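A short write-up of the structure that comes next.
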Amino acid sequence: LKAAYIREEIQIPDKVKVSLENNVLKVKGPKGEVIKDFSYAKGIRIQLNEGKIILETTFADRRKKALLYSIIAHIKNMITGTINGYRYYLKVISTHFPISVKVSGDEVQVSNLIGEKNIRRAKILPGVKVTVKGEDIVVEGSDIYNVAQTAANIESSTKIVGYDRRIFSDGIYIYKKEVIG
Amino acid sequence: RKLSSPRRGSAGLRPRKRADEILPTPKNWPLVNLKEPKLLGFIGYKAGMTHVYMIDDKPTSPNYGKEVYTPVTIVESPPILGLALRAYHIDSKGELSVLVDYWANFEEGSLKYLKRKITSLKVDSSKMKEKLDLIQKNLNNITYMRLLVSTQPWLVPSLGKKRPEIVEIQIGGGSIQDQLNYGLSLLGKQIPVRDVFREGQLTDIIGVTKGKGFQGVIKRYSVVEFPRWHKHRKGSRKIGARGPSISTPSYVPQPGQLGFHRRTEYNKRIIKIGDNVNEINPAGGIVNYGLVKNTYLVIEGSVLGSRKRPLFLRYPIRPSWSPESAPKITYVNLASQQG
Amino acid sequence: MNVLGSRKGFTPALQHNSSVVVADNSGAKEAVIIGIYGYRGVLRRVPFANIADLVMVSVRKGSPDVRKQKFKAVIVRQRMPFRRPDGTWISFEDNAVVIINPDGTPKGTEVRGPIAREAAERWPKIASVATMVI
Amino acid sequence: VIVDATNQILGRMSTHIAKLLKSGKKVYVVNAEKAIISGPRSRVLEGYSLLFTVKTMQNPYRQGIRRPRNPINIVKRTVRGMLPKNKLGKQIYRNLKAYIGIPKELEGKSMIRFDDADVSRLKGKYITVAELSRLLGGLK
Amino acid sequence: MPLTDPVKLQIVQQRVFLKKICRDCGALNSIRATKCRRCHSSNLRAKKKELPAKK
RNA sequence: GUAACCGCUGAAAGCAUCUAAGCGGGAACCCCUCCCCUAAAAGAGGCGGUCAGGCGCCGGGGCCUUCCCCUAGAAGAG
RNA sequence: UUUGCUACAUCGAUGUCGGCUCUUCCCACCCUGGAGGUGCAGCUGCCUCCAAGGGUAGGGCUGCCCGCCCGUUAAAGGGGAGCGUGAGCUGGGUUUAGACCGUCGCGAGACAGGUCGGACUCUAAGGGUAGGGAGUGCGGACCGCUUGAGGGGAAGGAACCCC
RNA sequence: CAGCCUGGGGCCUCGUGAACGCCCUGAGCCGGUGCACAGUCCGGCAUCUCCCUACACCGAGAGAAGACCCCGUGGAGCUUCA
RNA sequence: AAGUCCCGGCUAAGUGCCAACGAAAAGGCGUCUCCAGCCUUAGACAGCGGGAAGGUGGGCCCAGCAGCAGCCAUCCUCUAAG
């Protein structure tokens with residue numbers, strides 16, 4: 001096929017101001033505000049309506065229409081964080097040695113694993129808050145991508161269990177995400 | 001059938017040629033490492049060597065806290081007489097040439113030692129004022145700041161020479177403005193090795209190795225004598241083949257000069273900086289050198305180069321371990337190197 | 001077996017097909033170095049051995065029941081000049097070994113002549129029946 | 001005669017240089033690091049990385065030797081290897097100069113662009129020249 | 001596996017229903033994906049979990 | 001900076017989807033830091049100083065050989 | 001990579017097996033690195049993929065290659081470069097002339113069956129290569145010090161032990 | 001698993017004083033083409049000139065109408081039941 | 001030596017930029033166009049909760065197989081549903 005003229009709209013929620021210029025988008029919300037660039041949307045024109053988001057394009061291919069909807073999802077996700085908080089959950093299960101984790105500024109450190117004395121670390125993207133209560137790690141923030149990549153960075157660090165041992169289900173693992181608050 | 005064999009000789013240093021200045025120079029510098037203005041190397045001379053007795057300082061030594069025996073080299077450390085300050089900056093074409101020099105011995109230094117080798121400045125235009133403030137005008141846009149210093153071998157009868165070498169050292173430290181002032185002070189005076197070094201430091205060595213003359217391939221690249229029968233047949237001290245074809249008669253062991261090279265040395269930790277010549281001088285006058293009569297550097301291991309060569313020293317480029325000071329000693333060999 | 005992580009090894013001493021005496025009561029008297037455990041070499045370099053090395057030899061002169069047989073031992077005596085860590089130089093008037101059982105203990109029950117200190121740590125079972133140590 | 005290569009396609013921008021070369025008039029190029037090559041990062045490096053022999057670098061730019069890795073090295077081989085192989089081809093190559101940024105004494109003179117070399121003529125997936133030396137070995 | 005996901009049916013949270021692997025390229029794929037992510041061979045077999053109790 | 005690959009945000013194709021764009025890691029792999037020869041690099045560099053004084057001339061100033069040796073070596077060189 | 005055919009090139013010669021030394025390449029990876037699956041409790045396994053940077057021995061029998069085996073090691077990978085290399089070598093195999101032995105022949109003798117000895121030439125015109133030196137230009141003579149395009153690298157690699 | 005020293009060569013200097021390879025002086029290297037392995041051809045890479053010494057890797061180096069295989073209604077020799 | 005010539009469309013590998021010459025079977029919904037067949041506004045697919053069922057878990061041998069231990073049938077309580 002060939003999508004002739006596909007148009008979609010995004011109703012901007014209240015208590016939000018939106019600024020757009022130079023094909024660079026920034027969204028401000030009570031939870032927070034993040035700037036997300038969209039200079040890479042060749043073949044897509046972006047119209048910032050005073051009360052909504054106007055997205056139009058003419059004669060997109062199979063590639064572009066996936067791209068357009070792909071652009072759409074992030075923007076509302078950009079909106080969603082600015083109103084409702086993103087709360088990933090990381091549950092830790094250990095077999096023989098209890099696991100301890102502490103925060104170091106923009107870096108995370110985990111040790112007391114299955115017997116190795118070394119240190120393990122992961123990187124946290126700026127502007128992202130992550131804390132621990134107990135048996136669980138709370139990852140806060142507005143940007144959805146920022147927490148997940150941060151959350152994933154922990155997941156990579158704790159993966160080291162996987163060499164020549166059948167996996168012992170031991171380490172740091174994702175639990176759930178996105179409480180309404 | 002074509003068994004495994006490491007390529008013999010050392011392909012790493014081609015070309016192998018003889019240096020063009022008896023006193024080499026470093027081409028990089030280890031980072032300043034978060035500190036204040038001071039120099040990062042020193043000059044000296046290869047006087048001799050002996051063996052010394054110490055308690056091990058390496059906290060992870062298998063020989064920690066015990067007396068073990070180790071050969072040690074002595075380096076007489078005559079005072080250094082600075083000459084000038086050199087300005088390096090990102091010039092046109094984005095390079096790091098010399099912006100300007102800053103010479104001053106008309107204010108102090110009525111010494112013709114320098115005159116023996118350079119027909120240096122007269123008092124007619126000792127107007128470095130417009131030169132010096134040029135640095136001040138060009139302040140904040142400067143990258144590196146070396147130093148012009150000369151040796152004073154005339155204070156060492158061991159080396160029968162009187163025209164000296166003037167060479168360079170780059171200085172790192174705190175802020176740039178500080179460093180220029182730090183250097184400014186050092187001009188026109190004398191500087192001991194203690195002004196740059198302290199015992200228990202690491203130090204790097206770049207210098208000229210013991211020359212040997214034209215050599216044989218057996219010796220140059222440690223190529224192998226052909227087995228038995230060639231000790232009787234057609235010739236013995238040569239490589240058989242010289243490449244699969246004229247497709248690059250290649251980097252293969254071929255004769256040539258060996259020695260007198262610009263080389264390298266890593267991980268050298270000093271032992272003692274003493275000042276009593278009687279504590280170190282061996283029996284009957286040190287071999288081929290004389291009688292050390294200035295401050296000396298007590299360096300273990302081996303140091304490249306022939307006796308009576310100037311040597312230029314340097315802070316560690318990739319130090320293996322951070323050393324503490326004063327690996328205290330227990331014996332010095334004053335026995336004759338002869339006998 | 002227990003100390004080789006320290007300065008296990010010194011100046012080159014011996015080679016394959018090198019003949020040494022059997023300094024014990026096992027019944028063997030003369031043996032020839034047949035091989036070297038552990039060591040890995042390069043082109044044409046004959047494999048090495050000195051004091052305190054798992055070494056492999058065979059019986060040349062001794063009791064018939066042990067003649068032409070294979071057994072393991074350790075090197076205890078060498079003629080080589082070499083430098084101890086404290087900077088002394090040790091030598092033995094000849095070259096001797098003591099046959100050891102495959103588990104590690106010496107096969108023999110008696111020791112002949114002095115042994116350098118080093119072997120004792122690498123083979124405490126040798127030190128168990130060691131008489132004098134130098 | 002001065003030409004800017006900012007936001008220009010090196011291969012495309014190369015061409016009209018050559019006719020100016022064959023003309024017999026001295027030329028210059030400024031801000032050369034601001035040209036681009038179409039293609040993703042992997043290929044464009046790989047399509048250049050294959051030529052490497054060894055690594056280091058120890059002079060001011062002036063040599064022009066068998067392997068280019070300075071920002072204004074790459075422009076030369078691309079402009080040189082596109083010149084007559086006869087004797088004048090060498091001689092015309094003598095009349096070209098390369099630069100990074102803007103030489104001071106050429107600021108107050110005109111510059112021209114080659115419209116055919118505009119980035120707009122290309123779909124996308126391009127990389128700037130200066131980015132290359134970062135991966136190519138140019139500290140600058 | 002020690003590999004989790006943002007919100008899916010990952011094993012470590014009190015289960016072992018591992019992912020799917022490719023018989024051809026030797027890599028892993030999604031649970032319900034019908035073909036490999038790399039060679040698309042579609043002859044993908046589930047990773048064995050364990051012998052829980054008996055036959 | 002990368003291979004294989006492991007991830008994340010994610011549509012196509014509502015879900016799902018590590019990939020399509022988008023984003024992160026990820027090797028004895030390629031490069032930069034190390035050392036070695038480099039101003040015959042043709043863009044062929046920069047910086048310090050001297051080459052005087054006097055009436056082409058006087059004059060001297062520089063350099064080399066010669067001289068004595070060796071840190072060095074076939075001479076050359078240094 | 002061998003081995004079968006082809007006779008396009010070489011018969012006024014491109015001197016033939018192996019081995020020695022020495023250089024380099026390639027990847028269909030022997031080990032070392034990375035990742036994974038497993039009928040992976042852990043070790044040991046088995047297998048896939050990426051990865052050619054480095055390493056990949058020492059002996060006995062056999063002239064070899066091949067092959068059998070010894071004791072260690074990470075294993076003791078396989079191939080190319082005119083089955084790499086004789087104006088660098090050994091002549092052990094093999095291509096002569098002397099003989100013996102076995103089969104065949106009345107005979108001259110033949111054998112692809114075995115065994116003893118049997119000559120291994122060259123002062124590098126030119127290039128490559130490795131050093132060391134003079135000059136011109138870069139620019140009047142100089143003295144001195146420096147900037148630092150490219151060039152090469154393995155300048156390290158491996159194992160064992162302590163906890 | 002190599003090392004040191006000595007004599008004569010080899011180094012240099014005075015005197016004497018040749019021969020070999022020569023279509024050439026124009027020959028650097030790498031892919032390619034072609035008699036299926038170039039110095040000239042094609043395409044790149046470079047490549048300042050002069051001199052001395054060491055190396056024989058190449059110059060499909062030189063030495064010799066190949067000692068082998070076959071042809072010529074070519075020789076010689078030997079033998080016999082031609 | 002002359003076209004950075006035009007229209008339309010496709011390719012992301014430097015695939016390719018090759019007449020005489022240089023990659024098979026298979027795999028790919030990776031992508032780009034085209035034939036069938038079947039459901040779709042009497043509400044399509046997908047997606048989201050419930051009813052998602054009962055004599056009966058019928059059952060045969062079978063401790064029990066209470067669809068899914070070895071063969072297999074099979075009616076209404078029923079209706080916008082089993």
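Simple scheme: letters A, B, ... for chains in structure tokens order, numbers from 1 for residues in each chain, numbers from 1 for ligands in the order shown.
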
Notebook entry, point to check: Neighbours of residue 45 in chain H within 12 Å (only C-alpha atoms (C1' of nucleotides); same-chain residues fewer than 6 positions away dropped), as a ChimeraX atom specification?
Noted result: /D:51,65-67,77,81 /H:28-31

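Any residue of chain B with an atom within 8 Å of chain F counts; using only C-alpha atoms (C1' of nucleotides), that gives residues 13, 14, 15, 22, 86, 97, 98, 99, 100, 101, 103, 119, 120, 121, 211, 213, 262, 263, 264, 306, 307, 308 and 309 of chain B.
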
Item checked: Surrounding residues of residue 14 in chain D excluding itself and chain neighbours under 3 positions, 9 Å, only C-alpha atoms (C1' of nucleotides), as a PyMOL selection string -> chain D and resi 9-11+17-18+75+78-79+82+117

Check: Which parts of chain D does DSSP call helix (DSSP H, G or I) when run on the backbone here, written out as number ranges by chain?
Finding: D: 10-23, 32-34, 41-49, 61-63, 71-80, 87-93, 104-106, 115-117, 119-121, 129-136

Next item on the list: Do a neighbour search on range 50-61 of chain C at 6 Å with only C-alpha atoms (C1' of nucleotides), toss out local chain neighbours closer than 4 positions, and write the hits as a ChimeraX atom specification.
Entry: /C:13,29-37,67-70,72-76,119

Go ahead and write the residues just picked, N, CA, C and O atoms, as a tab-separated table (two decimals), in the first residue's frame.
chain	number	residue	atom	x	y	z
C	13	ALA	N	70.83	-25.71	35.78
C	13	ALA	CA	71.69	-26.78	36.28
C	13	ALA	C	71.80	-27.96	35.34
C	13	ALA	O	72.91	-28.32	34.95
C	29	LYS	N	70.42	-46.70	42.96
C	29	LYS	CA	71.68	-46.01	43.20
C	29	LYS	C	72.01	-45.00	42.12
C	29	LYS	O	72.44	-43.89	42.44
C	30	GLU	N	71.79	-45.33	40.85
C	30	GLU	CA	72.12	-44.44	39.75
C	30	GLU	C	70.91	-44.22	38.86
C	30	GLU	O	70.21	-45.17	38.51
C	31	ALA	N	70.68	-42.97	38.49
C	31	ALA	CA	69.52	-42.60	37.69
C	31	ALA	C	69.91	-41.52	36.69
C	31	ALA	O	70.84	-40.74	36.90
C	32	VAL	N	69.15	-41.48	35.60
C	32	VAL	CA	69.36	-40.55	34.51
C	32	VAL	C	68.10	-39.71	34.35
C	32	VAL	O	66.98	-40.25	34.37
C	33	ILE	N	68.27	-38.39	34.21
C	33	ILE	CA	67.13	-37.52	34.00
C	33	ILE	C	66.44	-37.92	32.71
C	33	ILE	O	67.05	-37.92	31.63
C	34	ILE	N	65.16	-38.27	32.80
C	34	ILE	CA	64.44	-38.79	31.65
C	34	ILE	C	63.47	-37.73	31.17
C	34	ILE	O	63.09	-37.72	29.99
C	35	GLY	N	63.08	-36.83	32.06
C	35	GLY	CA	62.10	-35.82	31.69
C	35	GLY	C	61.90	-34.82	32.80
C	35	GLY	O	62.32	-35.03	33.94
C	36	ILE	N	61.23	-33.73	32.44
C	36	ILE	CA	60.94	-32.63	33.36
C	36	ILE	C	59.45	-32.38	33.39
C	36	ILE	O	58.83	-32.14	32.35
C	37	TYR	N	58.87	-32.42	34.59
C	37	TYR	CA	57.47	-32.09	34.75
C	37	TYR	C	57.25	-30.59	34.60
C	37	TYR	O	58.17	-29.79	34.81
C	67	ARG	N	65.36	-52.10	39.03
C	67	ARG	CA	66.12	-51.81	37.82
C	67	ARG	C	65.20	-51.58	36.64
C	67	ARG	O	64.18	-52.26	36.48
C	68	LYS	N	65.56	-50.61	35.80
C	68	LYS	CA	64.82	-50.30	34.58
C	68	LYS	C	63.36	-50.01	34.89
C	68	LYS	O	62.44	-50.55	34.26
C	69	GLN	N	63.14	-49.16	35.88
C	69	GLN	CA	61.79	-48.78	36.28
C	69	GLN	C	61.68	-47.27	36.35
C	69	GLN	O	62.69	-46.55	36.37
C	70	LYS	N	60.45	-46.80	36.38
C	70	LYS	CA	60.14	-45.38	36.34
C	70	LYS	C	59.64	-44.93	37.71
C	70	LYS	O	58.75	-45.55	38.29
C	72	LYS	N	59.35	-41.11	40.39
C	72	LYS	CA	59.47	-39.67	40.52
C	72	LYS	C	60.34	-39.32	41.73
C	72	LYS	O	60.47	-40.09	42.68
C	73	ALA	N	60.92	-38.12	41.68
C	73	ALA	CA	61.87	-37.69	42.70
C	73	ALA	C	61.91	-36.17	42.71
C	73	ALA	O	61.17	-35.51	41.98
C	74	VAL	N	62.77	-35.62	43.56
C	74	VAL	CA	63.05	-34.19	43.58
C	74	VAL	C	64.56	-34.00	43.59
C	74	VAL	O	65.32	-34.86	44.05
C	75	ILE	N	64.99	-32.85	43.09
C	75	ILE	CA	66.40	-32.53	42.98
C	75	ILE	C	66.86	-31.87	44.27
C	75	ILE	O	66.27	-30.88	44.72
C	76	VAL	N	67.94	-32.39	44.85
C	76	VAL	CA	68.39	-31.89	46.14
C	76	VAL	C	69.83	-31.40	46.07
C	76	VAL	O	70.24	-30.55	46.87
C	119	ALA	N	64.29	-27.39	49.19
C	119	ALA	CA	63.50	-28.58	48.93
C	119	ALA	C	62.53	-28.86	50.06
C	119	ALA	O	61.40	-29.31	49.82

Notebook entry, point to check: Please, which residues of chain B lie no more than 9 Å from chain C when the count uses only C-alpha atoms, and can they be set out as a PyMOL selection string?
Noted result: chain B and resi 3-6+62-63+66-70

Next item on the list: Pull out every residue of chain A sitting within 12 Å of chain D, counting only C-alpha atoms, and send them as a list in words.
Entry: residues 39, 40, 41, 42 and 43 of chain A

Checklist line | Test item: residues at most 10 Å from residue 138 in chain G, only C-alpha atoms (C1' of nucleotides), excluding those fewer than 4 positions along its chain, as number ranges by chain | finding: F: 39-40, 42, 44

With C-alpha atoms (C1' of nucleotides) kept, could you save the residues just selected as a PDB file, in the first residue's frame?
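Generated output (selection_16.pdb):
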ATOM      1  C1'   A F  39      62.530  20.108   8.442  1.00  0.00           C
ATOM      2  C1'   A F  40      63.895  16.176   1.425  1.00  0.00           C
ATOM      3  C1'   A F  42      57.949  20.939  -1.645  1.00  0.00           C
ATOM      4  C1'   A F  44      60.017  21.962   2.923  1.00  0.00           C
TER       5        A F  44
END

Quick one: residues within 6 Å of range 95-102 of chain A, only C-alpha atoms (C1' of nucleotides) counted, chain neighbours fewer than 2 positions away excluded, as a PDB file with N, CA and C atoms, in the first residue's frame?
ATOM      1  N   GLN A 109      26.636   0.829  43.351  1.00  0.00           N
ATOM      2  CA  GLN A 109      27.612  -0.194  43.694  1.00  0.00           C
ATOM      3  C   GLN A 109      26.921  -1.337  44.418  1.00  0.00           C
ATOM      4  N   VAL A 110      27.222  -2.565  44.002  1.00  0.00           N
ATOM      5  CA  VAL A 110      26.629  -3.764  44.575  1.00  0.00           C
ATOM      6  C   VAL A 110      27.739  -4.761  44.865  1.00  0.00           C
ATOM      7  N   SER A 111      27.660  -5.417  46.018  1.00  0.00           N
ATOM      8  CA  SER A 111      28.672  -6.391  46.405  1.00  0.00           C
ATOM      9  C   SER A 111      28.026  -7.444  47.295  1.00  0.00           C
ATOM     10  N   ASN A 112      28.869  -8.221  47.979  1.00  0.00           N
ATOM     11  CA  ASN A 112      28.426  -9.343  48.810  1.00  0.00           C
ATOM     12  C   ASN A 112      27.599 -10.336  48.003  1.00  0.00           C
ATOM     13  N   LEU A 113      28.039 -10.604  46.780  1.00  0.00           N
ATOM     14  CA  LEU A 113      27.365 -11.584  45.942  1.00  0.00           C
ATOM     15  C   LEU A 113      27.915 -12.974  46.221  1.00  0.00           C
ATOM     16  N   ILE A 114      27.681 -13.910  45.305  1.00  0.00           N
ATOM     17  CA  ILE A 114      27.714 -15.343  45.587  1.00  0.00           C
ATOM     18  C   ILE A 114      29.076 -15.812  46.087  1.00  0.00           C
TER      19      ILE A 114
END

Checklist line | Residues of chain G within 10 Å of chain B, only C-alpha atoms (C1' of nucleotides) counted, as a ChimeraX atom specification | finding: /G:19-24,54-57,65,81,84-85,88-90,127-132,143-148,151-155

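In this structure, the chain E residues at most 12 Å away from chain F are residues 1, 2, 3, 4, 5, 6, 8, 25, 26, 27, 28, 29, 30, 31, 32, 33, 34, 35, 36, 37 and 38 of chain E, with only C-alpha atoms (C1' of nucleotides) considered.
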
Notebook entry, point to check: Nearest to chain E: which of I:26, I:73, I:66, I:39 is it, counting only C-alpha atoms (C1' of nucleotides)?
Noted result: I:26

Next item on the list: Would you work out the distance separating CA of residue 300 in chain B from CA of residue 30 in chain B, expressed in Å to one decimal?
Entry: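 CA of residue 30 in chain B lies 21.7 Å from CA of residue 300 in chain B.
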
Next item on the list: In Å, rounded to a single decimal, give me how far CA of residue 11 in chain E is from CA of residue 93 in chain A.
Entry: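 Separating CA of residue 93 in chain A from CA of residue 11 in chain E is a distance of 11.9 Å.
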
Next item on the list: Write out as a VMD selection string the residues lying within 12 Å of residue 16 in chain E, counting only C-alpha atoms (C1' of nucleotides) and excluding same-chain residues fewer than 6 positions away.
Entry: (chain A and resid 167 to 169) or (chain E and resid 1 to 4 9 to 10 46 to 52)

Proximity check chain A to chain I, 10 Å, nearest pairs one decimal Å, only C-alpha atoms (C1' of nucleotides), as a tab-separated table:
residue	atom	partner	partner_atom	distance
A:1	CA	I:33	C1'	9.2
A:62	CA	I:31	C1'	9.3
A:63	CA	I:31	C1'	9.4

Next item on the list: Starting from chain A, keep only residues with some atom at most 9 Å from an atom of chain F, counting only C-alpha atoms (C1' of nucleotides), and report them as a PyMOL selection string.
Entry: chain A and resi 40+62-71+73-74+144-146+148-153+155-156

Note to self: Using only C-alpha atoms (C1' of nucleotides) and a distance of at most 12 Å, pull out the residues of chain C that contact chain H, as a list in words.
What the structure shows: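 Every residue of chain C that passes the 12 Å test is in residues 44, 45 and 46 of chain C.
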
Taking C-alpha atoms for each residue, export the selection above as a PDB file, in the first residue's frame.
ATOM      1  CA  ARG C  44      65.993 -26.179  20.673  1.00  0.00           C
ATOM      2  CA  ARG C  45      66.169 -25.080  24.304  1.00  0.00           C
ATOM      3  CA  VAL C  46      66.723 -28.267  26.272  1.00  0.00           C
TER       4      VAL C  46
END
